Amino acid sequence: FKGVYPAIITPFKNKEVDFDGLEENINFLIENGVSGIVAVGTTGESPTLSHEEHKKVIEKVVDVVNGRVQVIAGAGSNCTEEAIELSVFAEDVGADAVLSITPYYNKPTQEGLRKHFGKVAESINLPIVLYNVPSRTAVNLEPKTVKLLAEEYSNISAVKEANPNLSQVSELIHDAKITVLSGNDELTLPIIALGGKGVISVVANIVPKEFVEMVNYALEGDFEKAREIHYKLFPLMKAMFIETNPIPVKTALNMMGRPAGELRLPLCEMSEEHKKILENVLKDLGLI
């Protein structure tokens, strides 16, 4: 795993997944140089997709990409048995990897997380991206735990790290001997300087070419040029979290006239104050 992997939105139309818009979105991202696509993660609205829709979206992404970039299937759950069914499906349907979130809400212990991901890792042969986002899940996947997992299971391959405490990123790089992927667009630059190898990205849905450029300069070690793009995208990056992801990214795509449509409850339209702000940021970049 290296470079930019947009966490793609799931577009909706007439209350159903918009499979055609999906294809068009995927092809857009591929023309602009992304290394891969993460299907049905948080930005894909996994919580509000039926079991059956989650499967059809993954299959659609696998079928459209048709090997041109890595397809990473969202397969996390806070129920271990479900995380297994999903991971096995991702392998069977032809995904190249699995993104597996730490169980949210039920708050397992570190031993719980170890056991949980261990089952997941044993269930499939695919590379697994562990996904840590304490601010949403109420649990922090500790580096020592990842080190144990990584040393037991060769397919445990990377961490998408969205803990904003970057000394966790140092511990992972130093002790854990795992690939770190940024889980926060705005921390991608400093995480890559730390040893990080890429990013699973929200904003790359909107500006894939520029984000790909930025990340490529950061990987090459050209931070002067990376910073230039970072600072240019900086207001857009802030606007991506002006309300909870994916409310902003879908709003922005609608404003640009790209496929996205409605958010599913309990997610809902941005405030007007917030819209105008995003509106202005998009205008400043000449995106609309």
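Numbers for residues come from their place in the sequence shown, where the first is 1.
Stretches compared: 194 to 202, 144 to 152. Higher mean C-alpha B-factor in the entry: 144 to 152. Here the stretch with the larger average CA B-factor, out of 213 to 221 and 126 to 134, is 213 to 221. In this entry, the residue among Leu236, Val249, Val38, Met255 with the greatest C-alpha B factor is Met255. Among the modelled residues of the chain, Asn245 sits in the lowest third by CA temperature factor in this PDB entry. Ranked by Cα temperature factor within the chain, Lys119 sits in the lowest third according to the deposited record. In the deposited entry, the Cα temperature factor of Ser157 places it in the highest third of its chain's modelled residues. When the modelled residues of the chain are ordered by their C-alpha B factor, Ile9 lands in the lowest third. Sort the modelled residues of the chain by CA B factor and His51 lands in the middle third.
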